[PDB]
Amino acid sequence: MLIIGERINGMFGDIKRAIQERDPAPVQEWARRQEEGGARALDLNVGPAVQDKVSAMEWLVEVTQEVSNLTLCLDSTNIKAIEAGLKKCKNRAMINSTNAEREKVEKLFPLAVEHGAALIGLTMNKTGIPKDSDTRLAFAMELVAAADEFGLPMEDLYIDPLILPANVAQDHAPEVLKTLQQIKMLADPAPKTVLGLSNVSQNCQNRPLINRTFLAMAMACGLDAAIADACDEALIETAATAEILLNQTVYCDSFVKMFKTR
């Protein structure tokens, strides 16, 4: 399980301010804390508030890689910002993300291949987020075909079935799990999967509990990565424990500590 730190996101007050005033401190500290927690990748989202998002993404990348060697997951719907971000990265990055819209596919897949970056693909298009796991799957298969079309190593494709809040879109959770299990059955080389975990507990009571439980359930269905709270110690324990239970990582008494220091 690859945990992608979610905290360096412009939606958070401290990050929004850091970006606006160009204060590196808050960002670099979150990069450190998330890595200490067990994250092996960092999501970088500039947020919708800043004016020049292209310039903001470059800044997030520069100040982050100064204190971290972790993989950078450039999170933005602005392709110019993604491209500008990729050019600043000193290490392999992740593009977050592309959807099944052909227009975006033929721009982001070649871009990912060009930079040898991983690519996250959302199971949806202009038509919206589908509920049925079969519709989600069809979009997943469109991304898979695209990976073969543009020469992207299937192992560099992370399909995101898009999890929603369990309190107002509860019937989506089981559909997401089913979509993951289906993608898991694909023949080798099979694509990977990822989720914006925290979205499942938005506005719910005891979000950490809900996040933890869904992560474990999702991993049983093949989940490979999760954009989540890397500073949540109980979440990290779950990830570590789940690997053991799927026999992905050999058991030893200090399996949690080994997960955080691998």
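Start at 1 with the first residue shown and count on from there.
- Averaged over their C-alpha atoms, the temperature factors of 171-179 and 103-111 are higher for 103-111.
- Between the stretches 159-167 and 141-149, it is 141-149 that shows the larger average CA temperature factor.
- When the C-alpha B factors of 45, 55, 213, 199 are read from the deposited coordinates, the top value falls at 55.
- Each of 79, 119, 122, 74 has a CA temperature factor in the record; the biggest one is found at 79.
- Residue 86: CA B factor lies in the middle third for its chain, per the PDB record.
- Residue 19: CA B factor lies in the highest third for its chain, per the PDB record.
- Compared with the other modelled residues of the chain, the Cα B-factor recorded for residue 136 ranks in the lowest third.
- Residue-level temperature factors show residue 65 in the highest third of its chain, judged at the C-alpha atom.
- When the CA B factors of the chain's modelled residues are split into thirds, the value for residue 222 lands in the lowest one.
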